[PDB]
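> piece number one of the complex, untouched:
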Amino acid sequence: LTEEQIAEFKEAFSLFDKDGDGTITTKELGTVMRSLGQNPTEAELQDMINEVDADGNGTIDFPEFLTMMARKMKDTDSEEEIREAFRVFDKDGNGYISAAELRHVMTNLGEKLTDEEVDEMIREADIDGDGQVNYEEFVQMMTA
């Protein structure tokens, strides 16, 4: 272990834990989000904390925060879930989805994708440029 990595995570934790008691509450997590132009509901803030709150005490402590940072999208079920989220729009079951059909669904549905963000997504998802996305391979690329 080196103090290089310790440095950035501690500082990042402190930007949440502004009261410095060693724990991130929904109020503090929500404050940071609001200061970035976000408008989370308290229910959302609870759900977030509950995904990394090991001991169930309702707030995020430093070990939980480090563990979360390291885990990222490596959760075992992450590919299955993200890929099953794809299947929803794969009407035919091939394991493929057209570019056009992905951009449609990505842009049209909730938490709409920026016309830029979707441009980047398609450029990474359709490696041939034919308009056909093997969404499993795409998910396997996102899921390191």
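On my side now, so go ahead. Numbering: from 1, shown residues only, chains lettered A, B, ... in the order given.
> Check which helix or strand residue A:97 maps to.
Under the criterion of DSSP states H and E, residue A:97 resides in strand A:96-98.
> Give me the helices and strands touching that strand, please.
strand A:132-134 (3 or more C-beta pairs under 8 Å, 6 or more residues apart in numbering; DSSP states H and E). C-beta here means a position set from N, CA and C on the backbone, and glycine is covered the same way.
> rerun at 10 Å
If contacts are counted by 3 or more C-beta pairs under 10 Å, 6 or more residues apart in numbering; DSSP states H and E, strand A:96-98 sits against helix A:78-87, helix A:99-108, strand A:132-134, helix A:135-142.
> one more chain, chain B:
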Amino acid sequence: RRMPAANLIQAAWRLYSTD
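Next up, chain B placed on what we already have:
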């Protein structure tokens, strides 16, 4: 369903994109 599915894909893409 479709909306929660779009949400998952969106969230996954914006996380992958932080790098």
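> again for what packs on strand A:96-98, chain B present now?
If you count contacts as 3 or more C-beta pairs under 10 Å, 6 or more residues apart in numbering or on different chains; DSSP states H and E, strand A:96-98 packs onto helix A:78-87, helix A:99-108, strand A:132-134, helix A:135-142.
> can you redo those as JSON lines with mean neighbour count?
Below are the helices and strands packed on strand A:96-98 laid out as JSON lines (neighbours: other C-beta atoms under 10 Å in any protein chain shown):
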{"stretch": "helix A:78-87", "mean neighbour count": "18"}
{"stretch": "helix A:99-108", "mean neighbour count": "17"}
{"stretch": "strand A:132-134", "mean neighbour count": "21"}
{"stretch": "helix A:135-142", "mean neighbour count": "18"}
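> residue boundaries of the helices in chain B?
B:2-16 (DSSP state H).
> could you also fit chain C onto it:
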Amino acid sequence: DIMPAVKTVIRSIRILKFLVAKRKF
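Chain C, in position alongside the others:
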């Protein structure tokens, strides 16, 4: 310099957002 810290804060919120959208699906 606060930028690495801020980039880490943004990534952590996107991890939380991803984990919640996974639970909800």
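> Please reconsider what packs on strand A:96-98 now that chain C is part of the model.
With contacts taken as 3+ C-beta pairs under 10 Å, 6+ apart, strand A:96-98 sits against helix A:78-87, helix A:99-108, strand A:132-134, helix A:135-142.
> I'd like to know how far the most far-flung residue of chain C relative to its centre sits from chain B.
Relative to the C-alpha centroid of chain C, counting by C-alpha atoms, centre = their mean, residue C:1 is the outermost residue, at 20.2 Å. As judged by C-beta to the nearest C-beta, to the nearest Å, residue C:1 and chain B stand 18 Å apart.
> May I ask which helix or strand encompasses that residue?
Using DSSP H and E, residue C:1 falls outside every helix and strand.
> again, but for residue A:38
Counting by DSSP H and E, residue A:38 is part of no helix or strand.
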